[PDB]
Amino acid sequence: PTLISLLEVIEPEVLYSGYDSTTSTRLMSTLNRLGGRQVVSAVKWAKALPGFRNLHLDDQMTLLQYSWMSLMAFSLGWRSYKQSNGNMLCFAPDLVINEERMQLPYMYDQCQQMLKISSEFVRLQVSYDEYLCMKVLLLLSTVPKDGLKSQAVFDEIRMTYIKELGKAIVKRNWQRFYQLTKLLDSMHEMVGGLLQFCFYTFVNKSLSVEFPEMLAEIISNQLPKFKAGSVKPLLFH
């Protein structure tokens, strides 16, 4: 039973937004609603990561808390790549963001950078096995500045998943590896933008943007810790 095929089976299928595509604020207040469920599904995916359950409770709370946006963003890139060849933002099959709702206020800004991730997938022609393998890493790419409460366990699991990207790349070695680790690095760079934009809409209550209790709790915790800056991303460069 092959790891890479096993990844293929657990990867979440895409949620629908179930949206009435007939306002700059509903549009955001929908995406958060959706997002909350995605995070649910990404947690079930998390539990069903080989070796993930190896990690200690806190660390799991943490890795998810820290990389959650990242994974969400990454996969949105994948969708937008496979679905419109980089052309629109595809959140769910019903909710496609074209150039018309990009002109929706507030909104141009954050969405360029969601398309820029996808742009990376375009330029690089990433295969599916590759995608899966990297995403596993994003989960293990964002960690506290002050160690991890199972640092040895981690380092092993993280390595496992790299050797795994090795196999995945070989299937399609070692001039290409560079490029993708440069992309795995530049995620923390580009996600850090969305996370900000996220915290804005969150605490500036006078924008009447809604986030489901799921997202609510994770952000309200994750917010102060990230604001001071207790977070070091594991890079390759």
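The term rigid core refers to the maximal set of C-alpha atoms that superpose within 1.5 Å between the two forms. Quick note: we count residues from 1 along the sequence shown, nothing fancier.
Colleague: Of the stretches 43 to 51 and 205 to 213, which sits farther from where it is here in 6 other deposited structures of this protein, on average over its Cα atoms, after fitting the core?
Modeller: Stretch with the higher C-alpha RMS distance in 6 other deposited structures of this protein: 205 to 213.
Colleague: Gap size between residue 172 and residue 173, counting deposited residues with no coordinates: none, 1 to 3, 4 to 9, or 10 or more?
Modeller: According to the record, 4 to 9 deposited residues lack coordinates from residue 172 to residue 173.
Colleague: In the deposited sequence, how many residues between residue 22 and residue 23 have no modelled coordinates (none, 1 to 3, 4 to 9, 10 or more)?
Modeller: Count of unmodelled residues in between: 1 to 3.
Colleague: Do the CA atoms of 174 to 182 or those of 49 to 57 have the higher mean B-factor in the entry?
Modeller: Result: 174 to 182.
Colleague: On mean Cα temperature factor in this entry, is 101 to 109 or 120 to 128 the higher one?
Modeller: Between 101 to 109 and 120 to 128, it is 101 to 109.
Colleague: Which one of 168, 187, 64, 34 shows the top CA temperature factor in the record?
Modeller: Top of the list by C-alpha B-factor: 187.
Colleague: Classify residue 220 as lowest, middle or highest third according to the C-alpha B-factor given in the PDB entry, relative to its own chain.
Modeller: Lowest third.
Colleague: Is residue 86 in the lowest, middle or highest third of its chain when residues are ranked by C-alpha B-factor?
Modeller: CA B-factor rank for residue 86: lowest third.
Colleague: Going by the recorded CA B-factors, say which third of the chain residue 143 sits in, lowest, middle or highest.
Modeller: Within its chain, residue 143 is a highest-third residue by C-alpha B-factor, going by the deposited values.
Colleague: Lowest, middle or highest third: which one holds residue 114 when the chain's residues are ordered by CA B-factor from the entry?
Modeller: Its C-alpha B-factor belongs to the middle third of this chain's values.
Colleague: In terms of the chain's CA B-factor thirds, is residue 27 lowest, middle or highest?
Modeller: Highest third of the chain for residue 27's C-alpha B-factor.
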